[PDB]
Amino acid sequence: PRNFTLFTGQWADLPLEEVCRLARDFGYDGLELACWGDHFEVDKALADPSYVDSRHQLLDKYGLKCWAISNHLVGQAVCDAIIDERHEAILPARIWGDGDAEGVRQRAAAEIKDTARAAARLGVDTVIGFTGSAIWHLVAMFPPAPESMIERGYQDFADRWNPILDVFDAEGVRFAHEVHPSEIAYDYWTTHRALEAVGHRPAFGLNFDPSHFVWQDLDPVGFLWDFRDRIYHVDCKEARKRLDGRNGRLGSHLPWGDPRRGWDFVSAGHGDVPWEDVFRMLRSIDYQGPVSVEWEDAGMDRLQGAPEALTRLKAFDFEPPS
């Protein structure tokens, strides 16, 4: 009886129609559409008056709903200080353009304004994404950066995103920033500071994803409570620690699935997230949106895990007392 959604980003190698068939076979109520692959093309949603109708027709055909779209990939390029080949690999060529860092940040900003406009054409009220950060690479604090440098990072985020959020407001759409490493908000305390930076304006809320709370030792339940009025979307993504004295909290620059990582992504129920408290708290905060599933586990096949993760997560979804 909550609505459950599959995040489409891990499936962007597949045509949308195949993802629709799969998600239906898996039992999902809907899709959280990634703004990449052929899933939701923001440029086409704006150029072609038919395009948004093709999206509904396709989803409707499989009995699927959509309450949100996601543009992590472009949002990352808005504030990142170091714009390089990793960005080139995740951006459309039209956003990359000549590869000039400031050029890319401006083009990414323009594209996020277009994402809100496309969301509203689609008729959804929430865009999930990332912001990037001018300051993330300073996280270790050696060599020391002055406080004015850290503050300028938050001011930079405000200066680039305030104009983006103006368009969000004009379109009647919300941004759900996913608190996550690499971002201006990645912590409980950085989320405070990032919210302060944009005057707590209602356009800028949060995509809650509990996975990165695990290795940082953040209480996801207390985060849900303290930021209750800014919980705009939920993605269930599971993480498992294996800290044996050798493996470390940072993962050692090692690929997903390498067992020498102190932590890794695993299918729901196979990890450490306290789903019991998380679900009870979404009710306590009267979170009314979809519950999305971002499926990732390097030791599993997605065809087996994605439906199993839905089953495991639903054991925590209860009818309220009547």
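Sequential numbering from 1, following the sequence displayed.
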* Asked: Out of 229-237 and 83-91, which stretch has the higher average CA B-factor listed in the record?
  -> 83-91
* Asked: Which is higher in the entry, the mean Cα B factor of 31-39 or that of 263-271?
  -> 31-39
* Top residue by Cα temperature factor, when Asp244, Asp217, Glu196, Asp114 are compared in the entry -> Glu196
* Structure fact -> Entry record, C-alpha B-factors for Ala68, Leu282, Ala47, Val293; the maximum is at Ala47
* To do: Determine, from the deposited record, the chain-internal third of the Cα B-factor for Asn162: lowest, middle or highest.
  => middle
* Ranked by Cα temperature factor within the chain, is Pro210 in the lowest third, the middle third or the highest third? -> middle
* Report the third (lowest, middle or highest) to which the CA temperature factor of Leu58 belongs, ranking only the modelled residues of the same chain. => highest
* To do: Could you say whether, by C-alpha temperature factor, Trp189 belongs to the lowest, middle or highest third of its chain?
  => lowest
* Would the CA B-factor of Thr5 place it in the lowest, middle or highest third of its chain? -> lowest
